[PDB]
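Data block below; observations after.
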Amino acid sequence: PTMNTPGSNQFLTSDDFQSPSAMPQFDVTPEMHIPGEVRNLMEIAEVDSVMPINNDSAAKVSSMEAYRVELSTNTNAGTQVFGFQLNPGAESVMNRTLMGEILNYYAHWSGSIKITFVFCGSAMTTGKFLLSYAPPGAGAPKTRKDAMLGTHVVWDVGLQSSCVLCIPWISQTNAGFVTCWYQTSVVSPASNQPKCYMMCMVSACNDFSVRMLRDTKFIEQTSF
Amino acid sequence: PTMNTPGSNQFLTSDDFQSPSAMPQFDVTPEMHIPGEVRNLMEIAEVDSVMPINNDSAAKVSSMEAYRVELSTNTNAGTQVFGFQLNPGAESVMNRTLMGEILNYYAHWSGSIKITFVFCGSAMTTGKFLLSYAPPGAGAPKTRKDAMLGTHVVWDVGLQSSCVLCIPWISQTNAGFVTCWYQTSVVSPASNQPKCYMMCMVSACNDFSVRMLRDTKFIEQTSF
Amino acid sequence: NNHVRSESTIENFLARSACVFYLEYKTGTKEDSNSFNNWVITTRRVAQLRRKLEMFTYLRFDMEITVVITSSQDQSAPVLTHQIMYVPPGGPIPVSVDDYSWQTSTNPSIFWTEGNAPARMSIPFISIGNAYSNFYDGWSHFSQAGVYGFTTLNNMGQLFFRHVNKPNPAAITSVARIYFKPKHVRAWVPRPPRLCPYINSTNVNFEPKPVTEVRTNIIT
Amino acid sequence: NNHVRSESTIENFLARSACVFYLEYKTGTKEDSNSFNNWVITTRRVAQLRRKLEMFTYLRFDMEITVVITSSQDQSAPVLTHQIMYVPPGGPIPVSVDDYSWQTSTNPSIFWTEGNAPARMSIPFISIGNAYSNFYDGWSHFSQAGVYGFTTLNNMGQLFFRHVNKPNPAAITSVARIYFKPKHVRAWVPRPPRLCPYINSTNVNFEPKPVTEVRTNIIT
Numbered sequence: 333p334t335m336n337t338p339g340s341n342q343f344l345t346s347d348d349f350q351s352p353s354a355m356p357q358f359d360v361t362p363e364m365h366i367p368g369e370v371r372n373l374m375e376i377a378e379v380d381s382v383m384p385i386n387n388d389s390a391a392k393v394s395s396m397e398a399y400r401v402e403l404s405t406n407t408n409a410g411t412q413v414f415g416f417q418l419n420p421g422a423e424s425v426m427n428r429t430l431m432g433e434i435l436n437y438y439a440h441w442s443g444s445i446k447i448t449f450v451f452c453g454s455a456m457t458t459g460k461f462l463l464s465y466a467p468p469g470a471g472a473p474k475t476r477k478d479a480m481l482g483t484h485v486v487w488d489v490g491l492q493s494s495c496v497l498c499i500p501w502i503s504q516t517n518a519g520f521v522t523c524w525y526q527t528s529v530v531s532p533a534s535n536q537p538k539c540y541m542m543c544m545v546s547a548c549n550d551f552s553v554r555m556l557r558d559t560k561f562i563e564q565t566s567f
Numbered sequence: 333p334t335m336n337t338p339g340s341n342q343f344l345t346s347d348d349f350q351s352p353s354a355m356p357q358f359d360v361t362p363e364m365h366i367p368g369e370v371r372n373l374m375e376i377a378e379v380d381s382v383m384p385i386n387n388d389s390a391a392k393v394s395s396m397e398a399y400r401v402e403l404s405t406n407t408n409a410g411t412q413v414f415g416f417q418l419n420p421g422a423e424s425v426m427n428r429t430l431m432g433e434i435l436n437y438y439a440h441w442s443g444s445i446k447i448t449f450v451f452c453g454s455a456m457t458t459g460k461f462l463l464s465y466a467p468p469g470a471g472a473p474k475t476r477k478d479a480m481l482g483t484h485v486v487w488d489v490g491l492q493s494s495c496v497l498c499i500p501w502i503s504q516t517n518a519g520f521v522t523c524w525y526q527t528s529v530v531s532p533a534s535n536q537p538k539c540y541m542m543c544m545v546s547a548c549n550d551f552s553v554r555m556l557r558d559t560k561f562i563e564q565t566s567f
Numbered sequence: 624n625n626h627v628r629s630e631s632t633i634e635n636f637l638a639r640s641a642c643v644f645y646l647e648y649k650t651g652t653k654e655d656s657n658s659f660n661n662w663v664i665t666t667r668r669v670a671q672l673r674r675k676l677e678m679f680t681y682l683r684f685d686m687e688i689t690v691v692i693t694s695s696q697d698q699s706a707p708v709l710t711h712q713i714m715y716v717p718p719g720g721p722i723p724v725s726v727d728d729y730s731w732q733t734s735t736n737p738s739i740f741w742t743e744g745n746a747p748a749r750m751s752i753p754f755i756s757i758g759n760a761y762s763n764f765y766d767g768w769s770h771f772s773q774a775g776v777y778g779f780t781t782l783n784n785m786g787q788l789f790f791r792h793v794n795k796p797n798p799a800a801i802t803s804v805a806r807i808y809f810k811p812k813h814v815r816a817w818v819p820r821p822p823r824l825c826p827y828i829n830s831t832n833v834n835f836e837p838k839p840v841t842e843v844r845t846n847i848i849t
Numbered sequence: 624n625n626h627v628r629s630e631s632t633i634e635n636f637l638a639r640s641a642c643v644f645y646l647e648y649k650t651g652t653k654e655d656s657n658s659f660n661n662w663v664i665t666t667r668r669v670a671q672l673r674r675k676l677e678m679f680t681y682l683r684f685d686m687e688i689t690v691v692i693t694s695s696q697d698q699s706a707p708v709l710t711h712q713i714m715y716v717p718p719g720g721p722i723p724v725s726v727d728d729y730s731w732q733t734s735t736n737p738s739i740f741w742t743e744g745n746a747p748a749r750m751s752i753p754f755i756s757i758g759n760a761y762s763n764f765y766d767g768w769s770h771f772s773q774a775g776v777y778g779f780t781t782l783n784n785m786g787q788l789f790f791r792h793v794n795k796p797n798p799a800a801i802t803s804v805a806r807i808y809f810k811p812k813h814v815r816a817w818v819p820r821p822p823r824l825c826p827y828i829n830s831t832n833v834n835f836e837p838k839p840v841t842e843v844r845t846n847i848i849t
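Protein chains in written order, with the UniProt record's numbering: chain A, 333 to 504, 516 to 567; chain B, 333 to 504, 516 to 567; chain C, 624 to 699, 706 to 849; chain D, 624 to 699, 706 to 849.
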């Protein structure tokens, strides 16, 4: 038994020991209570954030067109509007969102997430959409008929102004798909521009876990 | 009393102390139960394995003739078929077997082992063999008469299809012998090729012990 | 898993050692231009570090500073001793190798010799405020006409370094590299992550940038 | 004996220190070809070690890495400081002596000076799997057309080494030799011992061999 065993002299980063204090006199400022306190990083991963869906080439430079997707009376039923890989941390549609940005500080994570659709059109507009989900390891539906036979939620706009799908079994290609499809064309009151929009928001749901810290890829070095 | 006593500064291989951890944050993957677990190396030393008996020069290159020994109607009673030194770890007939290979990682071992004979001929073939064992420090029998007066088990093929001899007192020339002898010639049903075979298997029996690790002799250096 | 996580605690999201600076100085007289060197303690120097401390609006912590120091001679002596002096903010500072600001009794200092485990000491929470402020939205003066942001807020001391031996033939040059980690963090009020590359080291000034990468089309 | 054995426990059949690599690097500028060097952590390099970890199909353990390092000058300075940096898998890596990948805050690093007991630290079990796999029978891609065996399974970090001092006249060359041992082993599912000499360090490829030595005749 000795205190000079191999590896007792060395400085190892990320190894915790006590250290002497520069001032062992002054150290005194009483703490006060301050509203809002964060003690875990899953307290800001379960907060909603508006995800950009629309990506063109300048509908995301000026990005107030980035968060909303056009709808029209012109379009016929059974044509999809948007869709995405569903894989946060590697798909740029939700990896620069508030929730998604936390998962670029870790490698390997799991849990479930929940997406939210909000229709922001007029209060006299009514339509029906068929939301759809494909399990991982199966391609996106190619027809509204295909989509329907999968898992689907018929969301009536004109009753509900939002819908929440809670999608289990995400973790990191293979991965599910979310697709929205017209079931009917939108019914205008008398509007002469048939522009109606919907937004989408995303947040982590309930239990979630991360392991093993690593540095983010979105900032590159010093420059000053 | 001091902490700088002789031999307190040094790195001694195979000496155990604590060490700081590179990551004292991440370390977390929950263990799950996995079927089958090994916690001692005598749990794979008591498993049967087919030992090669027949060694010629190409009956062990292509080695599906290595594990079986011919019998015939031609041969007369009182001629031996096979036999071996009985000394695992230095006799190549059972030192490359599953059991035998474990004892090349240690020097000095003891216990008992048990051999097993299995006749694999036809179901109408009947004969009688005289198995024999010679104590250590006594030569192999030279006649079936000699063998008989030693320790012997008359094994009737046509009742029993296997026999197990449990041989005590092995440890490491001097060492016993196992020899098999015809007592009668085999009785064929009408088979026109009188080829009948028997195999042999070996495993450690009950208590066994090894001491003092050392490196195996059957692999030589790197090469890549 | 099988229980609540603990790798995403505030204390383990921060409190990792990181290089933040390094500097050089060399043996020589007080005449010589470089013969002592200093570094002002700030956490805005390194972009990677800065990102994770702008996650929150208010923080309070103690910090540990470890300096690991190497030296080499140059082309044609006893073991060298190095002094590292912490000056708490509002103290006196030296302007040259020889001053009474290295002899002052109210500035902590570490004498350290080569061939030993690297020097370190912690500095406890220092500020009259009850937290450091990572964002401020006022002016220095009592009428708006001061300096905008990061005024007397986020002011901490600074280190100084010199050799303690007399000059002797053949210059010795030392390089000291500084490692820094906070400990006992507490965070209040979160912020959305920074999106635009840092420009100045004293302003939040930024150049506009796209929100996200282009896609080939929104439909699958 | 007089009781059950304990020299054939799984924990004492493994967990012995062994040399696994050594490498060289030398003081010099970033221009110089060899001036930092790396080693990828794997246990398939050394034949003797490899044999005893292919006894089992699944293993999980923590590991301790101790590096013992010597140096010598060559024909015609202060004590040298060496940095050993562990990079967890999926981190950034340096491509030259000077990068921000030695200044990164999320890669553990040990500064160590000569004339001290050799540096070591343990690395805890790292993998998203619940055990390392010593045999695998799949492909990297989701359709069979990937890389056969040892894909993203059995992937662990890698070390890097450099001097921390500035270059100075007269080259110094260091040789660092790496010792490795696992600890807290648990084994699941046994295998029959390897019989044919290893060829590749990433495949189970083998050349056919005789089962056993010849005998002069089977009868005694």
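Using N, Cα and C, we set each Cβ at its ideal position, and we do this for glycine too.
| Item | Value |
| --- | --- |
| Under 7 Å by beta carbon: chain D residues contacting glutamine 564 of chain A | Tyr729 |
| Alpha-carbon to alpha-carbon, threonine 845 of chain C and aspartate 685 of chain D | 45 Å |
| Counterpart residues of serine 381 of chain B in DSSP-defined beta bridges | B:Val545 |
| Range covered by the alpha helix (DSSP H) that runs through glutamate 634 of chain D | 633-636 |
| Among C:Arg628, C:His792 and C:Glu687, nearest to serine 751 of chain C - alpha-carbon criterion | C:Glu687 |
| For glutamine 412 of chain B and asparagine 427 of chain B, the rounded distance between their alpha carbons | 23 Å |
| Cα-Cα separation between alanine 816 of chain C and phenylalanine 449 of chain A, rounded to whole angstroms | 32 Å |
| Cα-Cα separation between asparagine 745 of chain D and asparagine 341 of chain A, rounded to whole angstroms | 6 Å |
| Assigned exposure category for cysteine 642 of chain C - 16 Cβ within 10 Å defines buried | buried |
| Contacts of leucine 491 of chain A in chain C (Cβ-Cβ under 9 Å) | Result: empty, since nearest Cβ-Cβ is about 26 Å, beyond 9 Å. |
| Min CB distance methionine 431 of chain B to chain D below 8 Å | no |
| Pick from A:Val489, A:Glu402 and A:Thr429 that is closest to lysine 538 of chain A, judged by C-alpha positions | A:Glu402 |
| Residue 513 of chain B vs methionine 335 of chain B beta-carbon contact at 8 Å | No atoms are given for residue 513 of chain B, which sits in the stretch of chain B between 504 and 516 that the model skips. |
| As assigned by DSSP and simplified to three states, the class of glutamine 417 of chain A | coil |
| Three-state secondary structure (DSSP) of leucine 709 of chain C | coil |
| Where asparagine 829 of chain D meets chain B, residues with beta-carbon distance less than 8 Å | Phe567 |
| Three-state secondary structure (DSSP) of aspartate 359 of chain A | coil |
| Endpoints, the alpha helix (DSSP H) within which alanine 479 of chain A is located | 476-481 |
| Proximal residues to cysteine 825 of chain D (C-beta, below 8 Å), its chain only, five neighbours per side dropped | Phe835, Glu836, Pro837 and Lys838 |
| Rounded C-alpha distance that separates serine 381 of chain B from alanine 398 of chain B | 13 Å |
| Residues in the segment 452-467 of chain A having any Cβ partner in chain C nearer than 9 Å | none |
| 6 Å CB neighbourhood of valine 708 of chain C in its chain, flanking five on each side removed | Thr742 and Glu743 |
| Buried or exposed by the 16-neighbour rule on C-beta atoms within 10 Å, applied to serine 803 of chain C | buried |
| 8 Å Cβ cutoff, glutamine 357 of chain B in contact with chain G | As a matter of chain content, chain G is missing from the structure shown, whose protein chains are A, B, C and D. |
| Continuous beta strand (DSSP E) stretch holding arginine 674 of chain D: start and end | Segment 670-674 is the alpha helix (DSSP H) holding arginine 674 of chain D; no beta strand (DSSP E) there. |
| Cα-Cα separation, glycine 719 of chain C to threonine 361 of chain A | 17 Å |
| Where the beta strand (DSSP E) through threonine 522 of chain A begins and ends | 520-525 |
| Beta-bridge partners of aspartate 685 of chain D, as assigned by DSSP | D:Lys812 |
| Chain B contact for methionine 555 of chain A (CB, 8 Å cutoff) | yes |
| Nearest-angstrom Cα separation, counted from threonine 337 of chain A out to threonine 337 of chain B | 12 Å |
| Expected contact under 8 Å - CB spacing of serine 631 of chain D and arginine 791 of chain D to nearest Å | That pair is no contact at about 43 Å. |
| Interfacial residues, the segment 730-754 of chain C to chain D, with Cβ spacing under 7 Å | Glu743, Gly744 and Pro747 |
| Nonlocal neighbours in the same chain, by C-beta distance under 6 Å from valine 370 of chain A, ignoring five residues either side | none |
| Whole runs of the beta strand (DSSP E) within the segment 769-824 of chain C, excluding any shorter than 3 residues | 787-792 and 801-819 |
| Any C-beta of chain C under 8 Å from that of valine 360 of chain B | yes |
| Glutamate 647 of chain D in three-state terms, based on DSSP | strand |
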